>>> print(open('start.cif').read())   # mmCIF, C-alpha atoms; chains and numbers go by the auth columns
data_input
loop_
_atom_site.group_PDB
_atom_site.id
_atom_site.type_symbol
_atom_site.label_atom_id
_atom_site.label_comp_id
_atom_site.label_asym_id
_atom_site.label_seq_id
_atom_site.Cartn_x
_atom_site.Cartn_y
_atom_site.Cartn_z
_atom_site.B_iso_or_equiv
_atom_site.auth_seq_id
_atom_site.auth_asym_id
ATOM 1 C CA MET A 1 110.339 110.234 70.902 0.00 1 Y
ATOM 2 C CA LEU A 2 114.137 110.501 70.741 0.00 2 Y
ATOM 3 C CA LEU A 3 116.338 107.851 69.040 0.00 3 Y
ATOM 4 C CA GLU A 4 113.349 105.465 68.809 0.00 4 Y
ATOM 5 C CA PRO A 5 113.664 105.417 64.975 0.00 5 Y
ATOM 6 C CA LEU A 6 117.205 104.060 65.423 0.00 6 Y
ATOM 7 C CA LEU A 7 116.542 101.429 68.118 0.00 7 Y
ATOM 8 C CA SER A 8 114.182 99.544 65.765 0.00 8 Y
ATOM 9 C CA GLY A 9 117.274 97.761 64.519 0.00 9 Y
ATOM 10 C CA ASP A 10 120.692 96.535 65.516 0.00 10 Y
ATOM 11 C CA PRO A 11 122.621 99.549 66.903 0.00 11 Y
ATOM 12 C CA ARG A 12 126.060 97.903 66.695 0.00 12 Y
ATOM 13 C CA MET A 13 126.573 99.178 63.117 0.00 13 Y
ATOM 14 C CA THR A 14 124.834 102.520 62.591 0.00 14 Y
ATOM 15 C CA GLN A 15 125.109 105.093 59.810 0.00 15 Y
ATOM 16 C CA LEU A 16 123.002 107.772 58.136 0.00 16 Y
ATOM 17 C CA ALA A 17 122.634 108.481 54.421 0.00 17 Y
ATOM 18 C CA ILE A 18 120.039 109.207 51.743 0.00 18 Y
ATOM 19 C CA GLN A 19 119.802 108.775 47.978 0.00 19 Y
ATOM 20 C CA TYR A 20 117.439 108.957 45.028 0.00 20 Y
ATOM 21 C CA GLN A 21 117.536 107.345 41.598 0.00 21 Y
ATOM 22 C CA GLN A 22 116.531 108.444 38.105 0.00 22 Y
ATOM 23 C CA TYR A 23 114.839 106.379 35.412 0.00 23 Y
ATOM 24 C CA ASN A 24 118.033 105.960 33.381 0.00 24 Y
ATOM 25 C CA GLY A 25 119.792 104.550 36.458 0.00 25 Y
ATOM 26 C CA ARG A 26 121.849 107.461 37.791 0.00 26 Y
ATOM 27 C CA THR A 27 122.020 107.850 41.573 0.00 27 Y
ATOM 28 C CA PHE A 28 122.861 110.771 43.859 0.00 28 Y
ATOM 29 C CA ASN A 29 124.101 110.311 47.423 0.00 29 Y
ATOM 30 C CA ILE A 30 124.221 112.539 50.498 0.00 30 Y
ATOM 31 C CA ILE A 31 126.320 111.432 53.476 0.00 31 Y
ATOM 32 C CA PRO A 32 126.182 114.093 56.218 0.00 32 Y
ATOM 33 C CA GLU A 33 129.366 114.877 58.109 0.00 33 Y
ATOM 34 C CA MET A 34 129.159 113.786 61.737 0.00 34 Y
ATOM 35 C CA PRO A 35 129.732 116.807 64.010 0.00 35 Y
ATOM 36 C CA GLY A 36 131.353 116.584 67.404 0.00 36 Y
ATOM 37 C CA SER A 37 129.404 116.175 70.618 0.00 37 Y
ATOM 38 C CA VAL A 38 130.430 117.734 73.920 0.00 38 Y
ATOM 39 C CA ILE A 39 128.628 115.111 76.017 0.00 39 Y
ATOM 40 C CA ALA A 40 130.412 112.110 74.494 0.00 40 Y
ATOM 41 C CA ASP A 41 133.782 113.826 74.888 0.00 41 Y
ATOM 42 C CA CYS A 42 133.051 114.576 78.548 0.00 42 Y
ATOM 43 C CA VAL A 43 132.045 110.946 79.126 0.00 43 Y
ATOM 44 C CA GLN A 44 135.375 109.744 77.732 0.00 44 Y
ATOM 45 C CA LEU A 45 137.163 112.293 79.921 0.00 45 Y
ATOM 46 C CA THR A 46 135.516 110.769 82.994 0.00 46 Y
ATOM 47 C CA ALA A 47 136.677 107.322 81.862 0.00 47 Y
ATOM 48 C CA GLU A 48 140.323 108.424 81.889 0.00 48 Y
ATOM 49 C CA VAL A 49 139.970 109.782 85.428 0.00 49 Y
ATOM 50 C CA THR B 1 94.365 102.708 39.844 0.00 1 R
ATOM 51 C CA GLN B 2 97.059 104.250 42.055 0.00 2 R
ATOM 52 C CA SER B 3 100.808 103.738 42.113 0.00 3 R
ATOM 53 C CA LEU B 4 101.923 101.399 44.896 0.00 4 R
ATOM 54 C CA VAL B 5 105.578 101.023 43.863 0.00 5 R
ATOM 55 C CA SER B 6 106.892 103.269 46.639 0.00 6 R
ATOM 56 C CA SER B 7 104.829 101.599 49.364 0.00 7 R
ATOM 57 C CA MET B 8 105.463 98.085 48.042 0.00 8 R
ATOM 58 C CA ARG B 9 109.236 98.595 47.969 0.00 9 R
ATOM 59 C CA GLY B 10 109.263 100.098 51.457 0.00 10 R
ATOM 60 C CA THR B 11 107.447 97.122 52.960 0.00 11 R
ATOM 61 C CA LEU B 12 109.780 94.641 51.256 0.00 12 R
ATOM 62 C CA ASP B 13 112.883 96.470 52.492 0.00 13 R
ATOM 63 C CA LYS B 14 111.691 96.340 56.107 0.00 14 R
ATOM 64 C CA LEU B 15 111.188 92.571 55.925 0.00 15 R
ATOM 65 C CA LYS B 16 114.627 92.107 54.358 0.00 16 R
ATOM 66 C CA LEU B 17 116.402 94.046 57.126 0.00 17 R
ATOM 67 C CA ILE B 18 114.441 92.803 60.145 0.00 18 R
ATOM 68 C CA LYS B 19 116.385 92.081 63.348 0.00 19 R
ATOM 69 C CA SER B 20 115.490 88.397 63.545 0.00 20 R
ATOM 70 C CA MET B 21 117.985 86.076 65.218 0.00 21 R
ATOM 71 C CA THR B 22 116.223 82.829 64.301 0.00 22 R
ATOM 72 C CA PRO B 23 118.578 82.222 61.312 0.00 23 R
ATOM 73 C CA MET B 24 121.651 82.380 63.557 0.00 24 R
ATOM 74 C CA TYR B 25 119.943 80.118 66.100 0.00 25 R
ATOM 75 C CA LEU B 26 119.121 77.437 63.529 0.00 26 R
ATOM 76 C CA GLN B 27 122.695 77.453 62.212 0.00 27 R
ATOM 77 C CA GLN B 28 124.596 77.294 65.526 0.00 28 R
ATOM 78 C CA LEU B 29 122.569 76.235 68.571 0.00 29 R
ATOM 79 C CA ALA B 30 119.826 74.043 67.090 0.00 30 R
ATOM 80 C CA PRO B 31 122.211 71.339 65.741 0.00 31 R
ATOM 81 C CA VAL B 32 123.893 71.095 69.150 0.00 32 R
ATOM 82 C CA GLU B 33 120.573 70.637 70.956 0.00 33 R
ATOM 83 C CA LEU B 34 119.480 67.940 68.507 0.00 34 R
ATOM 84 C CA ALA B 35 122.787 66.103 68.926 0.00 35 R
ATOM 85 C CA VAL B 36 122.568 66.144 72.727 0.00 36 R
ATOM 86 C CA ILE B 37 119.114 64.591 73.071 0.00 37 R
ATOM 87 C CA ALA B 38 119.528 62.146 70.174 0.00 38 R
ATOM 88 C CA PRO B 39 121.268 59.285 72.074 0.00 39 R
ATOM 89 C CA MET B 40 118.675 59.489 74.877 0.00 40 R
ATOM 90 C CA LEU B 41 115.524 58.971 72.803 0.00 41 R
ATOM 91 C CA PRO B 42 113.505 55.749 73.164 0.00 42 R
ATOM 92 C CA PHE B 43 113.260 55.632 69.359 0.00 43 R
ATOM 93 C CA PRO B 44 116.748 56.164 67.908 0.00 44 R
ATOM 94 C CA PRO B 45 116.949 58.318 64.774 0.00 45 R
ATOM 95 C CA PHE B 46 116.252 56.749 61.379 0.00 46 R
ATOM 96 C CA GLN B 47 117.386 58.839 58.422 0.00 47 R
ATOM 97 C CA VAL B 48 117.777 58.687 54.647 0.00 48 R
ATOM 98 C CA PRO B 49 120.350 60.857 52.804 0.00 49 R
#
>>> encode(input="start.cif", output="structure tokens")
Amino acid sequence: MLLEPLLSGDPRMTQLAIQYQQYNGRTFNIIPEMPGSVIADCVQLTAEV
Amino acid sequence: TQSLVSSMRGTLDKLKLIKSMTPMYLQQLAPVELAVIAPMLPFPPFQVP
């Protein structure tokens, strides 16, 4: 499996994050920074040509 | 005898965020279809407010 967890939903608005909550109501969030991808950049380069 | 809060909440979230397009169909296309076939019926519509 690869990307199957993400295709079980609308892929037009995708994001990734995680959180957990305490009993008193406080929450903590983690939003990972999206790194670059060489394949997507190369695809866009082909589009310009 | 066992805690089911985590599993109960997970199931409810999946139903809330399902990729069903019936609600958008009923709101946009279904009224148009009903309006088109209405003047052609042998028994014309009879409604109360």
>>> resolve_selection(input="start.cif", expression="the PyMOL selection byres ((chain R) within 9 of (chain Y))", output="MDAnalysis selection string")
chainID R and resid 17:19
>>> write_last_selection(input="start.cif", atoms="C-alpha atoms", output="PDB file, keeping the file's coordinate frame")
ATOM      1  CA  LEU R  17     116.402  94.046  57.126  1.00  0.00           C
ATOM      2  CA  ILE R  18     114.441  92.803  60.145  1.00  0.00           C
ATOM      3  CA  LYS R  19     116.385  92.081  63.348  1.00  0.00           C
TER       4      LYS R  19
END
>>> closest_residue(input="start.cif", among="Y:45, Y:39, Y:3, Y:31", to="residue 15 in chain Y", atoms="only C-alpha atoms")
Y:31
>>> axis_aligned_box(input="start.cif", around="range 32-44 of chain Y", padding_each_side="6 Å", output="AutoDock Vina command-line options")
--center_x 130.8 --center_y 113.7 --center_z 67.7 --size_x 21.2 --size_y 20.0 --size_z 34.9
>>> atom_distance(input="start.cif", atom1="CA of residue 16 in chain Y", atom2="CA of residue 32 in chain Y")
7.3 Å
>>> atom_distance(input="start.cif", atom1="CA of residue 28 in chain R", atom2="CA of residue 6 in chain Y")
27.8 Å
>>> resolve_selection(input="start.cif", expression="the PyMOL selection byres ((chain Y and resi 18) around 8)", output="list in words")
residues 16, 17, 19, 20, 29, 30 and 31 of chain Y
>>> atom_distance(input="start.cif", atom1="CA of residue 12 in chain R", atom2="CA of residue 30 in chain R")
27.9 Å
>>> build_atoms(input="start.cif", residues="range 22-48 of chain Y", atoms="N, CA and C atoms", output="mmCIF file, keeping the file's coordinate frame")
data_model
loop_
_atom_site.group_PDB
_atom_site.id
_atom_site.type_symbol
_atom_site.label_atom_id
_atom_site.label_comp_id
_atom_site.auth_asym_id
_atom_site.auth_seq_id
_atom_site.Cartn_x
_atom_site.Cartn_y
_atom_site.Cartn_z
ATOM 1 N N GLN Y 22 117.261 108.049 39.298
ATOM 2 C CA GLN Y 22 116.531 108.444 38.105
ATOM 3 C C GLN Y 22 116.070 107.216 37.324
ATOM 4 N N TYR Y 23 115.336 107.472 36.239
ATOM 5 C CA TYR Y 23 114.839 106.379 35.412
ATOM 6 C C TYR Y 23 115.961 105.730 34.611
ATOM 7 N N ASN Y 24 116.944 106.520 34.172
ATOM 8 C CA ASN Y 24 118.033 105.960 33.381
ATOM 9 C C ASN Y 24 119.043 105.206 34.235
ATOM 10 N N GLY Y 25 118.955 105.318 35.557
ATOM 11 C CA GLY Y 25 119.792 104.550 36.458
ATOM 12 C C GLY Y 25 120.768 105.358 37.283
ATOM 13 N N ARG Y 26 120.913 106.655 37.021
ATOM 14 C CA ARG Y 26 121.849 107.461 37.791
ATOM 15 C C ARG Y 26 121.363 107.628 39.224
ATOM 16 N N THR Y 27 122.310 107.695 40.156
ATOM 17 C CA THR Y 27 122.020 107.850 41.573
ATOM 18 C C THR Y 27 122.795 109.031 42.134
ATOM 19 N N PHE Y 28 122.237 109.654 43.168
ATOM 20 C CA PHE Y 28 122.861 110.771 43.859
ATOM 21 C C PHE Y 28 122.824 110.498 45.354
ATOM 22 N N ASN Y 29 123.963 110.671 46.021
ATOM 23 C CA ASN Y 29 124.101 110.311 47.423
ATOM 24 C C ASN Y 29 124.399 111.542 48.262
ATOM 25 N N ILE Y 30 123.915 111.521 49.501
ATOM 26 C CA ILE Y 30 124.221 112.539 50.498
ATOM 27 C C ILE Y 30 124.610 111.817 51.779
ATOM 28 N N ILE Y 31 125.848 112.008 52.219
ATOM 29 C CA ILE Y 31 126.320 111.432 53.476
ATOM 30 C C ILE Y 31 126.715 112.575 54.402
ATOM 31 N N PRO Y 32 125.869 112.944 55.360
ATOM 32 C CA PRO Y 32 126.182 114.093 56.218
ATOM 33 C C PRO Y 32 127.434 113.860 57.048
ATOM 34 N N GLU Y 33 128.202 114.929 57.235
ATOM 35 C CA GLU Y 33 129.366 114.877 58.109
ATOM 36 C C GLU Y 33 128.922 114.825 59.564
ATOM 37 N N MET Y 34 129.506 113.911 60.328
ATOM 38 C CA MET Y 34 129.159 113.786 61.737
ATOM 39 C C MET Y 34 129.844 114.888 62.535
ATOM 40 N N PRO Y 35 129.099 115.789 63.169
ATOM 41 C CA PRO Y 35 129.732 116.807 64.010
ATOM 42 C C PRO Y 35 130.125 116.225 65.358
ATOM 43 N N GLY Y 36 130.960 116.973 66.072
ATOM 44 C CA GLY Y 36 131.353 116.584 67.404
ATOM 45 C C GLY Y 36 130.219 116.741 68.395
ATOM 46 N N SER Y 37 130.385 116.097 69.546
ATOM 47 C CA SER Y 37 129.404 116.175 70.618
ATOM 48 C C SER Y 37 130.131 116.371 71.937
ATOM 49 N N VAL Y 38 129.735 117.404 72.681
ATOM 50 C CA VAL Y 38 130.430 117.734 73.920
ATOM 51 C C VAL Y 38 130.165 116.681 74.990
ATOM 52 N N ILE Y 39 128.981 116.064 74.969
ATOM 53 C CA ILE Y 39 128.628 115.111 76.017
ATOM 54 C C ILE Y 39 129.462 113.841 75.899
ATOM 55 N N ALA Y 40 129.620 113.323 74.680
ATOM 56 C CA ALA Y 40 130.412 112.110 74.494
ATOM 57 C C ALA Y 40 131.866 112.343 74.873
ATOM 58 N N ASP Y 41 132.407 113.510 74.520
ATOM 59 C CA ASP Y 41 133.782 113.826 74.888
ATOM 60 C C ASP Y 41 133.945 113.894 76.401
ATOM 61 N N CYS Y 42 132.979 114.499 77.094
ATOM 62 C CA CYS Y 42 133.051 114.576 78.548
ATOM 63 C C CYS Y 42 132.967 113.192 79.179
ATOM 64 N N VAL Y 43 132.156 112.304 78.601
ATOM 65 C CA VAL Y 43 132.045 110.946 79.126
ATOM 66 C C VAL Y 43 133.383 110.228 79.027
ATOM 67 N N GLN Y 44 134.059 110.354 77.884
ATOM 68 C CA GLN Y 44 135.375 109.744 77.732
ATOM 69 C C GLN Y 44 136.377 110.346 78.706
ATOM 70 N N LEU Y 45 136.276 111.653 78.956
ATOM 71 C CA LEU Y 45 137.163 112.293 79.921
ATOM 72 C C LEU Y 45 136.996 111.686 81.307
ATOM 73 N N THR Y 46 135.755 111.401 81.702
ATOM 74 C CA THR Y 46 135.516 110.769 82.994
ATOM 75 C C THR Y 46 136.116 109.369 83.038
ATOM 76 N N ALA Y 47 136.110 108.666 81.904
ATOM 77 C CA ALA Y 47 136.677 107.322 81.862
ATOM 78 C C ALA Y 47 138.172 107.340 82.155
ATOM 79 N N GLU Y 48 138.891 108.328 81.619
ATOM 80 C CA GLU Y 48 140.323 108.424 81.889
ATOM 81 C C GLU Y 48 140.591 108.662 83.368
#
